[PDB]
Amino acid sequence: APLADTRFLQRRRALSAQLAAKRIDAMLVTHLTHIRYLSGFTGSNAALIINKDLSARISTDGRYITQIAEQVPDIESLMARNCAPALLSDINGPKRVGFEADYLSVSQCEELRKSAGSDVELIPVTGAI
């Protein structure tokens, strides 16, 4: 009988379950308090991708590599100055990727779109995840 799931694993699982209904394959979380709620990472720069199959990947800059391994030992990390574009550019299509349209700015979103692959579509999702 195993060690119980962390609350962060449980929150991710609940978001993963919300994805079918929002008609997306993955969610890109860029609002920091949302990333903290879903992962435990308390730093000031991150991006976080949660997939339908329950896997996840988290990104942060070089100042936080040690801390993210310590605070988030259950998600593989990617170092990047520009976190969200770097996670997105690593996705191989086809994939519908939701984003927090209530929180990303028009120009932050235009920057993301540049990094998306030829069959990765970004989908505006409203609400606090």
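Throughout, we count residues from 1 along the sequence that is shown.
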Report task. Check the entry's C-alpha temperature factors for 89-97 and 50-58, then say which stretch has the higher mean. Result -> 89-97
Query raised in the report: When the C-alpha temperature factors are averaged for each of 14-22 and 114-122, which stretch ends up with the higher value in the entry?
Result: 14-22
**Report entry** For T30, the third of its chain into which the C-alpha B factor falls
**Finding:** lowest
Query - Lowest, middle or highest third - CA B-factor, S39 - result: lowest
Query raised in the report: If you rank the chain by CA B-factor, which third does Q67 end up in: lowest, middle or highest?
Result: middle
Requested in this report: Pull the Cα B-factor of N82 out of the PDB entry and bin it into the chain's lowest, middle or highest third.
Outcome: highest
